[PDB]
Amino acid sequence: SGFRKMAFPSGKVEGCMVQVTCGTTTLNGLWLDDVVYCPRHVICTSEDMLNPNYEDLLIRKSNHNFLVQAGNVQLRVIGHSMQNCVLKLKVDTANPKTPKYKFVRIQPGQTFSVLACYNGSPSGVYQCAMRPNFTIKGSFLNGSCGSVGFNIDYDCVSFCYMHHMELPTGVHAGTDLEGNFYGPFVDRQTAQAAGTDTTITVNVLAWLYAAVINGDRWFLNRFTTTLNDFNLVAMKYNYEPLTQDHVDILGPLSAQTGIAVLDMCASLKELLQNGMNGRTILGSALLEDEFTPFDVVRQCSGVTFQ
Amino acid sequence: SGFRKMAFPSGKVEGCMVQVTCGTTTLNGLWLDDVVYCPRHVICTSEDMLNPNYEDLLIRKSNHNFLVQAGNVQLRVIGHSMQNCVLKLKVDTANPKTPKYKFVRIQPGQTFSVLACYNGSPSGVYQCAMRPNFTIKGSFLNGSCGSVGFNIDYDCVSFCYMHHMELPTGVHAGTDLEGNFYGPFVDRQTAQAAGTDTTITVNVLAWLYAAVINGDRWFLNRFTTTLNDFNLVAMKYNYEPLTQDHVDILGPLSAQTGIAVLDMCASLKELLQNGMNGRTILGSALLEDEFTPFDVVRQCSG
Ligand SMILES: O=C1C[C@H](Oc2cc(Cl)cc(OCCNC(=O)c3cc(=O)[nH]c4ccccc34)c2)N1
Ligand SMILES: O=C1C[C@H](Oc2cc(Cl)cc(OCCNC(=O)c3cc(=O)[nH]c4ccccc34)c2)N1
Ligand SMILES: [Cl-]
């Protein structure tokens with residue numbers, strides 16, 4: 001029993017975190033095989049950041065301008081290149097702790113664990129979702145750039161996020177490990193704003209199933225809805241549209257609890273129109289949208305990652 | 001910026017998790033140096049769980065009755081002893097992944113990370129607080145016994161909890177790593193109930209300071225209160241009494257934000273009276289009590 005915001009065990013990723021210094025700037029790097037990946041903005045001064053020409057800034061750097069520290073050991077940079085917004089530093093040593101890994105680009109609504117790092121040292125792990133506006137509501141301070149997000153699928157780490165910046169509203173933006181930003185953001189010190197956010201509907205439904213699995217049933221009702229009627233109501237409350245793919249993905253949870261997806265949609269519609277009436281669901285007075293249907297199944301069934 | 005429920009990175013603890021089997025029972029063990037620690041109830045059968053005599057059950061076991069598996073390798077048990085409710089299995093190999101560690105007994109209101117495990121394999125990490133009724137609101141299934149709670153301030157792992165059981169209400173009970181239960185619980189299947197739970201007042205105040213540090217000020221007010229009048233109100237909402245130790249502990253956060261502790265107490269009194277009126281504080285519509293003053297400083301300042 002119980003339902004917590006749970007992150008993947010971070011050990012496989014911790015053994016990849018290094019510190020990258022270029023001049024006065026220090027941030028985190030991810031050391032996999034013989035390459036250290038980090039935000040390309042590590043090469044920028046504060047004035048360069050206003051309108052950077054990264055190709056021009058990079059051509060001026062030599063390998064010795066990058067100091068990479070793995071624990072108390074300095075790694076030797078023997079090459080450097082850029083791929084989109086990520087700098088790739090070739091080092092003379094393959095990381096002996098490199099886990100089985102892939103780089104994956106995730107979609108909004110997908111969740112991942114973030115290993116927040118400072119000076120190449122892991123400080124915390126938390127679970128978050130890629131918001132529909134492509135930001136993450138992370139928790140990051142100065143020096144956190146280069147911290148990564150990941151999932152574990154079987155024994156393979158899938159790296160999906162690298163931290164680059166914090167927007168004026170305190171939300172965060174970053175790239176996949178191929179250096180492509182999530183969202184309409186750029187790596188320049190300029191006024192940038194995230195679009196209006198929406199709630200991840202399929203995730204709220206998954207969390208309602210988690211509540212039912214844990215014995216929280218007060219919000220269940222006798223009613224059902226059509227997908228089209230539910231989507232009209234979802235648009236009204238700034239909820240993401242629920243697709244037939246989402247309905248199929250919730251199938252296993254629907255079969256386990258005996259509550260059809262459109263039956264749970266009718267519970268959600270009533271919750272939006274009327275509120276919780278002083279009640280809570282899984283210790284929350286708001287509808288939680290940072291658990292995917294896979295997260296719910298994984299947590300309610302005890303899947304492990306040795 | 002931002003404020004999240006954040007756990008410690010679990011790598012140091014993952015490299016210590018092993019599977020312990022005794023007869024038909026399998027659970028998790030913590031392998032540090034040449035000792036594997038686990039709940040002593042691993043030696044019980046289904047017939048023994050209401051009134052086990054652990055000394056009597058243990059004397060009947062040989063080293064070869066304990067199977068310890070670390071990854072795909074079997075460890076050799078060369079000794080066994082009990083310390084309170086924890087079984088200590090001496091093994092023939094020191095764990096090469098043993099981090100710098102200590103065993104600490106925590107007090108209610110304290111927070112820690114839990115590495116939930118099944119069959120000696122880590123499945124997830126989450127943040128918990130030791131409730132005032134000495135339970136934790138974890139997320140554990142069958143086979144989770146022996147999963148541990150810990151903190152990692154600096155490079156030293158402080159193990160503070162070992163999971164033993166789930167109570168009928170779905171909350172969890174366990175021991176420190178010296179085998180002493182937190183609370184009035186025993187490792188017997190007899191009906192046990194946790195006392196009425198209360199909100200950890202000092203932690204709610206710390207989280208209100210975290211909200212102010214992150215730019216949220218809507219809940220502040222021009223009032224202050226005496227400590228005694230605050231406690232008289234807070235108790236009516238099932239909040240733990242706020243002591244002068246708690247007021248002193250909040251001193252650094254009070255100095256950083258410019259909001260005196262009793263001034264923040266008056267904000268808390270108003271929130272308990274009015275609710276949030278459609279507003280949120282740090283993305284929550286309820287008052288959060290699983291962040292300590294130390295957690296807030298660590299997360300906000302680094
Ligand atoms: O709207 C916007 C943001 C963009 O400006 C940029 C662009 C780029 Cl590519 C990088 C950047 O800052 C990099 C250095 N940031 C940090 O260390 C940092 C990260 C964090 O998540 N939180 C912080 C909290 C306080 C202070 C520092 C941080 C800033 N324009
Ligand atoms: O009120 C109470 C509890 C005490 O009964 C005990 C005492 C002892 Cl020492 C052990 C025990 O169970 C050990 C085996 N528990 C589990 O695997 C288990 C742990 C968990 O946290 N959640 C579960 C969810 C479902 C099913 C199994 C679990 C039970 N009397
Ligand atoms: Cl403590």
# chains A, B, ... in the order shown; residues from 1 in each chain; ligands from 1
call {"tool": "interface_residues", "arguments": {"of": "chain B", "to": "chain A", "cutoff": "6 Å", "atoms": "only C-alpha atoms", "output": "PDB file with N, CA, C and O atoms, in the first residue's frame"}}
result
ATOM      1  N   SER B   1      15.609  27.874  -8.567  1.00  0.00           N
ATOM      2  CA  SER B   1      14.199  27.986  -8.243  1.00  0.00           C
ATOM      3  C   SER B   1      13.489  26.649  -8.386  1.00  0.00           C
ATOM      4  O   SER B   1      14.006  25.702  -9.017  1.00  0.00           O
ATOM      5  N   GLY B   2      12.306  26.594  -7.793  1.00  0.00           N
ATOM      6  CA  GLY B   2      11.493  25.399  -7.787  1.00  0.00           C
ATOM      7  C   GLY B   2      11.686  24.681  -6.472  1.00  0.00           C
ATOM      8  O   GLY B   2      12.723  24.838  -5.805  1.00  0.00           O
ATOM      9  N   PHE B   3      10.687  23.909  -6.083  1.00  0.00           N
ATOM     10  CA  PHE B   3      10.774  23.171  -4.841  1.00  0.00           C
ATOM     11  C   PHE B   3      10.096  21.844  -5.043  1.00  0.00           C
ATOM     12  O   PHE B   3       8.919  21.781  -5.388  1.00  0.00           O
ATOM     13  N   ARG B   4      10.874  20.793  -4.964  1.00  0.00           N
ATOM     14  CA  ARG B   4      10.424  19.453  -5.224  1.00  0.00           C
ATOM     15  C   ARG B   4      10.673  18.579  -4.028  1.00  0.00           C
ATOM     16  O   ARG B   4      11.633  18.784  -3.293  1.00  0.00           O
ATOM     17  N   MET B   6      12.511  15.860  -2.910  1.00  0.00           N
ATOM     18  CA  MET B   6      13.741  15.376  -3.490  1.00  0.00           C
ATOM     19  C   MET B   6      14.352  14.309  -2.615  1.00  0.00           C
ATOM     20  O   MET B   6      14.437  14.505  -1.409  1.00  0.00           O
ATOM     21  N   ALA B   7      14.764  13.204  -3.206  1.00  0.00           N
ATOM     22  CA  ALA B   7      15.398  12.132  -2.476  1.00  0.00           C
ATOM     23  C   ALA B   7      16.913  12.238  -2.685  1.00  0.00           C
ATOM     24  O   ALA B   7      17.384  12.940  -3.588  1.00  0.00           O
ATOM     25  N   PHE B   8      17.690  11.575  -1.821  1.00  0.00           N
ATOM     26  CA  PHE B   8      19.130  11.509  -2.021  1.00  0.00           C
ATOM     27  C   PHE B   8      19.379  10.559  -3.175  1.00  0.00           C
ATOM     28  O   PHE B   8      18.648   9.578  -3.341  1.00  0.00           O
ATOM     29  N   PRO B   9      20.464  10.760  -3.935  1.00  0.00           N
ATOM     30  CA  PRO B   9      20.827   9.770  -4.969  1.00  0.00           C
ATOM     31  C   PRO B   9      21.050   8.408  -4.287  1.00  0.00           C
ATOM     32  O   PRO B   9      21.671   8.342  -3.234  1.00  0.00           O
ATOM     33  N   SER B  10      20.491   7.348  -4.842  1.00  0.00           N
ATOM     34  CA  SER B  10      20.484   6.053  -4.183  1.00  0.00           C
ATOM     35  C   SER B  10      21.604   5.083  -4.495  1.00  0.00           C
ATOM     36  O   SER B  10      21.617   4.003  -3.902  1.00  0.00           O
ATOM     37  N   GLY B  11      22.500   5.423  -5.412  1.00  0.00           N
ATOM     38  CA  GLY B  11      23.606   4.559  -5.840  1.00  0.00           C
ATOM     39  C   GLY B  11      24.395   3.912  -4.715  1.00  0.00           C
ATOM     40  O   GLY B  11      24.643   2.707  -4.745  1.00  0.00           O
ATOM     41  N   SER B 121      16.603  -6.335  -5.267  1.00  0.00           N
ATOM     42  CA  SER B 121      16.786  -5.403  -6.370  1.00  0.00           C
ATOM     43  C   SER B 121      15.999  -4.107  -6.170  1.00  0.00           C
ATOM     44  O   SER B 121      14.816  -4.122  -5.871  1.00  0.00           O
ATOM     45  N   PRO B 122      16.689  -2.976  -6.328  1.00  0.00           N
ATOM     46  CA  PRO B 122      16.038  -1.681  -6.132  1.00  0.00           C
ATOM     47  C   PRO B 122      15.000  -1.391  -7.205  1.00  0.00           C
ATOM     48  O   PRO B 122      15.244  -1.621  -8.388  1.00  0.00           O
ATOM     49  N   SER B 123      13.833  -0.919  -6.793  1.00  0.00           N
ATOM     50  CA  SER B 123      12.782  -0.606  -7.736  1.00  0.00           C
ATOM     51  C   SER B 123      12.451   0.891  -7.819  1.00  0.00           C
ATOM     52  O   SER B 123      11.975   1.361  -8.854  1.00  0.00           O
ATOM     53  N   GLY B 124      12.714   1.619  -6.753  1.00  0.00           N
ATOM     54  CA  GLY B 124      12.462   3.042  -6.757  1.00  0.00           C
ATOM     55  C   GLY B 124      12.961   3.737  -5.530  1.00  0.00           C
ATOM     56  O   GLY B 124      13.197   3.110  -4.513  1.00  0.00           O
ATOM     57  N   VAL B 125      13.065   5.064  -5.631  1.00  0.00           N
ATOM     58  CA  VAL B 125      13.491   5.849  -4.496  1.00  0.00           C
ATOM     59  C   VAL B 125      12.489   6.955  -4.275  1.00  0.00           C
ATOM     60  O   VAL B 125      11.993   7.565  -5.242  1.00  0.00           O
ATOM     61  N   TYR B 126      12.112   7.165  -3.025  1.00  0.00           N
ATOM     62  CA  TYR B 126      11.190   8.235  -2.702  1.00  0.00           C
ATOM     63  C   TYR B 126      11.536   8.829  -1.354  1.00  0.00           C
ATOM     64  O   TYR B 126      12.291   8.249  -0.601  1.00  0.00           O
ATOM     65  N   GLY B 138       4.827   5.010   3.487  1.00  0.00           N
ATOM     66  CA  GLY B 138       5.652   4.563   2.365  1.00  0.00           C
ATOM     67  C   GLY B 138       4.833   4.037   1.207  1.00  0.00           C
ATOM     68  O   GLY B 138       3.621   4.241   1.149  1.00  0.00           O
ATOM     69  N   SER B 139       5.490   3.369   0.282  1.00  0.00           N
ATOM     70  CA  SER B 139       4.842   2.718  -0.846  1.00  0.00           C
ATOM     71  C   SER B 139       5.576   1.408  -0.907  1.00  0.00           C
ATOM     72  O   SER B 139       6.724   1.353  -1.380  1.00  0.00           O
ATOM     73  N   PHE B 140       4.977   0.379  -0.320  1.00  0.00           N
ATOM     74  CA  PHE B 140       5.656  -0.904  -0.220  1.00  0.00           C
ATOM     75  C   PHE B 140       4.685  -2.008  -0.491  1.00  0.00           C
ATOM     76  O   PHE B 140       3.547  -1.948  -0.038  1.00  0.00           O
ATOM     77  N   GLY B 170      -2.534   0.652   6.092  1.00  0.00           N
ATOM     78  CA  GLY B 170      -1.685   0.896   4.940  1.00  0.00           C
ATOM     79  C   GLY B 170      -0.433   1.709   5.226  1.00  0.00           C
ATOM     80  O   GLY B 170       0.298   2.040   4.289  1.00  0.00           O
ATOM     81  N   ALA B 285      -2.097  22.257  -2.914  1.00  0.00           N
ATOM     82  CA  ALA B 285      -3.306  22.850  -2.350  1.00  0.00           C
ATOM     83  C   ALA B 285      -3.502  22.461  -0.859  1.00  0.00           C
ATOM     84  O   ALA B 285      -4.492  22.846  -0.253  1.00  0.00           O
TER      85      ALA B 285
END
call {"tool": "residues_near_ligand", "arguments": {"ligand": "ligand 3", "cutoff": "12 Å", "atoms": "only C-alpha atoms and all ligand atoms", "output": "PDB file with C-alpha atoms, in the first residue's frame"}}
result
ATOM      1  CA  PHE B 103      23.593   4.139  11.749  1.00  0.00           C
ATOM      2  CA  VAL B 104      21.420   6.913  13.140  1.00  0.00           C
ATOM      3  CA  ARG B 105      18.143   6.741  15.074  1.00  0.00           C
ATOM      4  CA  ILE B 106      15.855   9.578  13.931  1.00  0.00           C
ATOM      5  CA  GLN B 107      13.053  11.485  15.682  1.00  0.00           C
ATOM      6  CA  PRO B 108       9.487  12.113  14.400  1.00  0.00           C
ATOM      7  CA  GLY B 109       9.340  14.860  11.819  1.00  0.00           C
ATOM      8  CA  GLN B 110      12.744  13.786  10.405  1.00  0.00           C
ATOM      9  CA  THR B 111      12.804  12.980   6.676  1.00  0.00           C
ATOM     10  CA  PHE B 112      14.775  10.336   4.785  1.00  0.00           C
ATOM     11  CA  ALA B 129       9.113  11.468   6.988  1.00  0.00           C
ATOM     12  CA  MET B 130       8.929   9.655  10.310  1.00  0.00           C
ATOM     13  CA  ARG B 131       5.349  10.591  11.361  1.00  0.00           C
ATOM     14  CA  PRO B 132       4.644  11.801  14.933  1.00  0.00           C
ATOM     15  CA  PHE B 150      18.711   6.835   4.683  1.00  0.00           C
ATOM     16  CA  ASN B 151      20.137  10.307   4.375  1.00  0.00           C
ATOM     17  CA  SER B 158      23.263   7.552   7.509  1.00  0.00           C
ATOM     18  CA  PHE B 159      20.965   4.549   7.572  1.00  0.00           C
ATOM     19  CA  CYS B 160      17.954   5.361   9.770  1.00  0.00           C
ATOM     20  CA  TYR B 161      15.251   2.897   8.897  1.00  0.00           C
ATOM     21  CA  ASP B 176      16.536   1.682  13.187  1.00  0.00           C
ATOM     22  CA  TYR B 182      10.253   3.219  15.948  1.00  0.00           C
ATOM     23  CA  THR B 292      12.342  19.719   7.497  1.00  0.00           C
ATOM     24  CA  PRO B 293      14.003  23.090   8.105  1.00  0.00           C
ATOM     25  CA  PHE B 294      17.321  21.411   7.139  1.00  0.00           C
TER      26      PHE B 294
END
call {"tool": "residues_near_ligand", "arguments": {"ligand": "ligand 2", "cutoff": "7 Å", "atoms": "only C-alpha atoms and all ligand atoms", "output": "list in words"}}
result
residues 1 of chain A; 41, 140, 141, 142, 143, 144, 145, 164, 165, 166, 167, 168, 172, 186, 187, 188, 189, 190, 191, 192 and 193 of chain B
call {"tool": "select_by_dssp", "arguments": {"residues": "range 149-290 of chain B", "states": "helix (DSSP H, G or I)", "output": "NGL selection string"}}
result
:B and (201-213 or 227-236 or 244-249 or 251-257 or 261-274)
call {"tool": "closest_residue", "arguments": {"among": "B:95, B:181, B:213, B:257", "to": "ligand 1", "atoms": "only C-alpha atoms and all ligand atoms"}}
result
B:213
call {"tool": "residues_around", "arguments": {"residues": "range 26-35 of chain A", "least_positions_apart": "6", "cutoff": "7 Å", "atoms": "only C-alpha atoms", "output": "list in words"}}
result
residues 16, 17, 18, 19, 20, 88, 89, 90, 91, 92, 93, 94, 95, 98, 117, 118, 119, 120, 143, 144, 145, 146 and 147 of chain A
call {"tool": "write_last_selection", "arguments": {"atoms": "N, CA and C atoms", "output": "JSON list (two decimals), in the first residue's frame"}}
result
[["chain", "number", "residue", "atom", "x", "y", "z"],
["A", 16, "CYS", "N", 28.19, 8.26, -13.95],
["A", 16, "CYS", "CA", 28.47, 8.97, -15.21],
["A", 16, "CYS", "C", 28.66, 10.48, -15.03],
["A", 17, "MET", "N", 28.37, 11.01, -13.84],
["A", 17, "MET", "CA", 28.43, 12.45, -13.66],
["A", 17, "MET", "C", 29.83, 12.94, -13.42],
["A", 18, "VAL", "N", 30.21, 13.96, -14.18],
["A", 18, "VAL", "CA", 31.52, 14.58, -14.06],
["A", 18, "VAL", "C", 31.35, 16.11, -14.01],
["A", 19, "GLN", "N", 32.41, 16.81, -13.64],
["A", 19, "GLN", "CA", 32.42, 18.26, -13.61],
["A", 19, "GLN", "C", 33.14, 18.74, -14.87],
["A", 20, "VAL", "N", 32.58, 19.74, -15.57],
["A", 20, "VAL", "CA", 33.21, 20.29, -16.76],
["A", 20, "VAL", "C", 33.46, 21.77, -16.50],
["A", 88, "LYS", "N", 30.31, 17.93, -27.04],
["A", 88, "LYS", "CA", 30.78, 16.57, -26.86],
["A", 88, "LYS", "C", 32.28, 16.65, -26.76],
["A", 89, "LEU", "N", 32.82, 16.30, -25.60],
["A", 89, "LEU", "CA", 34.25, 16.30, -25.35],
["A", 89, "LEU", "C", 34.75, 14.87, -25.38],
["A", 90, "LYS", "N", 35.61, 14.57, -26.34],
["A", 90, "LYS", "CA", 36.22, 13.26, -26.44],
["A", 90, "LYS", "C", 37.30, 13.20, -25.34],
["A", 91, "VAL", "N", 37.31, 12.14, -24.54],
["A", 91, "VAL", "CA", 38.31, 11.98, -23.48],
["A", 91, "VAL", "C", 39.18, 10.74, -23.73],
["A", 92, "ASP", "N", 40.36, 10.67, -23.10],
["A", 92, "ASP", "CA", 41.28, 9.56, -23.35],
["A", 92, "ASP", "C", 40.93, 8.24, -22.63],
["A", 93, "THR", "N", 39.85, 8.22, -21.86],
["A", 93, "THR", "CA", 39.47, 7.06, -21.08],
["A", 93, "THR", "C", 37.99, 6.78, -21.25],
["A", 94, "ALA", "N", 37.62, 5.52, -21.50],
["A", 94, "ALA", "CA", 36.21, 5.15, -21.53],
["A", 94, "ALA", "C", 35.78, 5.05, -20.07],
["A", 95, "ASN", "N", 34.55, 5.49, -19.76],
["A", 95, "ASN", "CA", 34.04, 5.40, -18.40],
["A", 95, "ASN", "C", 33.81, 3.95, -18.08],
["A", 98, "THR", "N", 30.17, 2.98, -17.42],
["A", 98, "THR", "CA", 29.13, 3.24, -18.44],
["A", 98, "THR", "C", 28.09, 2.11, -18.42],
["A", 117, "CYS", "N", 22.65, 17.72, -10.06],
["A", 117, "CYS", "CA", 24.08, 17.67, -9.78],
["A", 117, "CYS", "C", 24.67, 19.05, -9.67],
["A", 118, "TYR", "N", 25.74, 19.18, -8.87],
["A", 118, "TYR", "CA", 26.49, 20.43, -8.71],
["A", 118, "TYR", "C", 27.94, 20.02, -8.64],
["A", 119, "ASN", "N", 28.77, 20.66, -9.45],
["A", 119, "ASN", "CA", 30.20, 20.38, -9.50],
["A", 119, "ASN", "C", 30.50, 18.92, -9.80],
["A", 120, "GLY", "N", 29.67, 18.30, -10.63],
["A", 120, "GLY", "CA", 29.81, 16.90, -11.01],
["A", 120, "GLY", "C", 29.42, 15.91, -9.94],
["A", 143, "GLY", "N", 24.62, 26.32, -11.14],
["A", 143, "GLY", "CA", 25.56, 25.20, -11.25],
["A", 143, "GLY", "C", 24.93, 23.86, -11.59],
["A", 144, "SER", "N", 23.60, 23.81, -11.69],
["A", 144, "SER", "CA", 22.87, 22.61, -11.99],
["A", 144, "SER", "C", 22.90, 22.25, -13.49],
["A", 145, "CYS", "N", 23.32, 23.17, -14.39],
["A", 145, "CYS", "CA", 23.33, 22.85, -15.83],
["A", 145, "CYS", "C", 24.10, 21.60, -16.14],
["A", 146, "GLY", "N", 23.57, 20.81, -17.07],
["A", 146, "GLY", "CA", 24.20, 19.54, -17.39],
["A", 146, "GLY", "C", 23.67, 18.39, -16.57],
["A", 147, "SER", "N", 22.82, 18.66, -15.53],
["A", 147, "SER", "CA", 22.14, 17.58, -14.78],
["A", 147, "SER", "C", 21.23, 16.85, -15.79]]
call {"tool": "closest_residue", "arguments": {"among": "A:130, A:186, A:202, A:152", "to": "ligand 1", "atoms": "only C-alpha atoms and all ligand atoms"}}
result
A:186
call {"tool": "closest_residue", "arguments": {"among": "A:69, A:175, A:201, A:292", "to": "ligand 1", "atoms": "only C-alpha atoms and all ligand atoms"}}
result
A:175
call {"tool": "closest_residue", "arguments": {"among": "B:23, B:29, B:96, B:149", "to": "residue 61 in chain B", "atoms": "only C-alpha atoms"}}
result
B:23
call {"tool": "residues_around", "arguments": {"residues": "residue 269 in chain A", "least_positions_apart": "2", "cutoff": "12 Å", "atoms": "only C-alpha atoms", "output": "PyMOL selection string"}}
result
chain A and resi 201+204-205+219-221+223-227+229-237+239+262-267+271-276+287
call {"tool": "write_last_selection", "arguments": {"atoms": "N, CA, C and O atoms", "output": "short mmCIF file (atom, residue, chain, number, x, y, z; two decimals), in the first residue's frame"}}
result
data_model
loop_
_atom_site.label_atom_id
_atom_site.label_comp_id
_atom_site.auth_asym_id
_atom_site.auth_seq_id
_atom_site.Cartn_x
_atom_site.Cartn_y
_atom_site.Cartn_z
N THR A 201 -4.00 14.91 -19.11
CA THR A 201 -5.21 14.13 -18.85
C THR A 201 -4.99 12.63 -18.62
O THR A 201 -5.49 12.08 -17.62
N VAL A 204 -3.55 12.10 -15.19
CA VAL A 204 -4.54 12.25 -14.11
C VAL A 204 -5.39 10.99 -13.99
O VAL A 204 -5.55 10.46 -12.90
N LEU A 205 -5.84 10.45 -15.14
CA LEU A 205 -6.61 9.20 -15.12
C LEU A 205 -5.82 8.06 -14.51
O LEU A 205 -6.33 7.35 -13.66
N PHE A 219 -14.65 9.22 -5.28
CA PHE A 219 -14.91 9.95 -6.53
C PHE A 219 -15.51 9.10 -7.63
O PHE A 219 -15.84 9.64 -8.69
N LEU A 220 -15.62 7.77 -7.43
CA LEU A 220 -16.25 6.94 -8.44
C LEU A 220 -17.73 7.22 -8.51
O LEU A 220 -18.35 7.59 -7.52
N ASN A 221 -18.30 7.09 -9.71
CA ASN A 221 -19.71 7.33 -9.88
C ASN A 221 -20.27 6.33 -10.86
O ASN A 221 -19.52 5.60 -11.51
N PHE A 223 -21.66 6.88 -13.67
CA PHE A 223 -21.77 7.41 -15.02
C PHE A 223 -20.63 7.09 -15.93
O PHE A 223 -19.55 6.79 -15.47
N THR A 224 -20.89 7.16 -17.22
CA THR A 224 -19.86 7.04 -18.22
C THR A 224 -19.99 8.25 -19.17
O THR A 224 -20.90 9.07 -19.00
N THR A 225 -19.09 8.38 -20.12
CA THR A 225 -19.13 9.47 -21.08
C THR A 225 -18.60 8.96 -22.42
O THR A 225 -18.05 7.86 -22.50
N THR A 226 -18.79 9.75 -23.48
CA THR A 226 -18.19 9.41 -24.76
C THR A 226 -16.82 10.12 -24.73
O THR A 226 -16.61 11.07 -23.96
N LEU A 227 -15.89 9.69 -25.58
CA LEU A 227 -14.59 10.31 -25.69
C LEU A 227 -14.72 11.75 -26.18
O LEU A 227 -14.10 12.65 -25.63
N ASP A 229 -17.45 13.82 -25.84
CA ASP A 229 -18.03 14.68 -24.79
C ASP A 229 -16.98 15.01 -23.74
O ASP A 229 -16.90 16.15 -23.29
N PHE A 230 -16.17 14.01 -23.36
CA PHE A 230 -15.10 14.21 -22.38
C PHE A 230 -14.09 15.22 -22.92
O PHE A 230 -13.73 16.13 -22.21
N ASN A 231 -13.70 15.11 -24.20
CA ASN A 231 -12.74 16.05 -24.78
C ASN A 231 -13.26 17.48 -24.86
O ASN A 231 -12.47 18.40 -24.68
N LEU A 232 -14.57 17.68 -25.00
CA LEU A 232 -15.15 19.03 -24.98
C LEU A 232 -14.96 19.63 -23.58
O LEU A 232 -14.59 20.80 -23.42
N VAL A 233 -15.23 18.82 -22.54
CA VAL A 233 -15.09 19.26 -21.17
C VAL A 233 -13.60 19.46 -20.85
O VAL A 233 -13.25 20.47 -20.27
N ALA A 234 -12.71 18.58 -21.32
CA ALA A 234 -11.26 18.71 -21.12
C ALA A 234 -10.71 20.02 -21.71
O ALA A 234 -9.96 20.72 -21.04
N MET A 235 -11.15 20.39 -22.93
CA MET A 235 -10.72 21.65 -23.54
C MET A 235 -11.10 22.84 -22.65
O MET A 235 -10.28 23.73 -22.42
N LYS A 236 -12.30 22.79 -22.07
CA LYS A 236 -12.81 23.83 -21.19
C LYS A 236 -11.92 24.10 -19.97
O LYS A 236 -11.78 25.26 -19.58
N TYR A 237 -11.30 23.05 -19.37
CA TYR A 237 -10.48 23.19 -18.16
C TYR A 237 -8.98 23.16 -18.39
O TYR A 237 -8.23 22.97 -17.44
N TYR A 239 -7.21 20.96 -20.05
CA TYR A 239 -6.72 19.60 -19.96
C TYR A 239 -6.38 19.20 -21.39
O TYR A 239 -7.09 19.55 -22.33
N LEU A 262 -13.73 5.38 -19.86
CA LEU A 262 -14.76 6.42 -20.00
C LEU A 262 -15.58 6.58 -18.70
O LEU A 262 -16.11 7.67 -18.43
N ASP A 263 -15.65 5.53 -17.87
CA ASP A 263 -16.29 5.55 -16.56
C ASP A 263 -15.40 6.44 -15.65
O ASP A 263 -15.91 7.32 -14.98
N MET A 264 -14.07 6.26 -15.70
CA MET A 264 -13.15 7.11 -14.93
C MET A 264 -13.17 8.54 -15.48
O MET A 264 -13.08 9.49 -14.71
N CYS A 265 -13.36 8.72 -16.79
CA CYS A 265 -13.50 10.04 -17.40
C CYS A 265 -14.68 10.78 -16.85
O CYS A 265 -14.59 11.97 -16.64
N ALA A 266 -15.80 10.07 -16.59
CA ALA A 266 -16.98 10.69 -15.98
C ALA A 266 -16.67 11.11 -14.54
O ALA A 266 -17.17 12.15 -14.10
N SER A 267 -15.81 10.36 -13.81
CA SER A 267 -15.38 10.79 -12.46
C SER A 267 -14.57 12.07 -12.59
O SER A 267 -14.81 13.02 -11.84
N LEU A 271 -15.18 15.89 -11.12
CA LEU A 271 -14.13 16.50 -10.29
C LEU A 271 -13.77 17.90 -10.80
O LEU A 271 -13.52 18.80 -10.01
N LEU A 272 -13.75 18.07 -12.11
CA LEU A 272 -13.44 19.37 -12.70
C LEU A 272 -14.58 20.35 -12.49
O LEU A 272 -14.33 21.52 -12.18
N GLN A 273 -15.81 19.90 -12.68
CA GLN A 273 -16.97 20.78 -12.58
C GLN A 273 -17.33 21.11 -11.14
O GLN A 273 -17.86 22.20 -10.90
N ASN A 274 -17.06 20.20 -10.18
CA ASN A 274 -17.50 20.41 -8.80
C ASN A 274 -16.42 20.51 -7.74
O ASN A 274 -16.73 20.92 -6.63
N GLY A 275 -15.19 20.08 -8.05
CA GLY A 275 -14.09 20.07 -7.10
C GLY A 275 -14.04 18.79 -6.29
O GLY A 275 -14.71 17.81 -6.62
N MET A 276 -13.28 18.79 -5.20
CA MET A 276 -13.16 17.64 -4.32
C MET A 276 -14.07 17.72 -3.09
O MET A 276 -14.17 16.75 -2.35
N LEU A 287 -5.56 17.46 -8.57
CA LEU A 287 -5.44 16.27 -9.40
C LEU A 287 -3.98 16.20 -9.85
O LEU A 287 -3.46 17.16 -10.40
#
call {"tool": "residues_around", "arguments": {"residues": "residue 45 in chain B", "least_positions_apart": "6", "cutoff": "12 Å", "atoms": "only C-alpha atoms", "output": "list in words"}}
result
residues 22, 23, 24, 25, 26, 51, 52, 53, 54, 57, 188 and 189 of chain B
call {"tool": "residues_around", "arguments": {"residues": "residue 271 in chain B", "least_positions_apart": "5", "cutoff": "10 Å", "atoms": "only C-alpha atoms", "output": "PyMOL selection string"}}
result
chain B and resi 219-220+265-266+276-277+286-287
call {"tool": "atom_distance", "arguments": {"atom1": "CA of residue 243 in chain B", "atom2": "CA of residue 269 in chain B"}}
result
15.8 Å
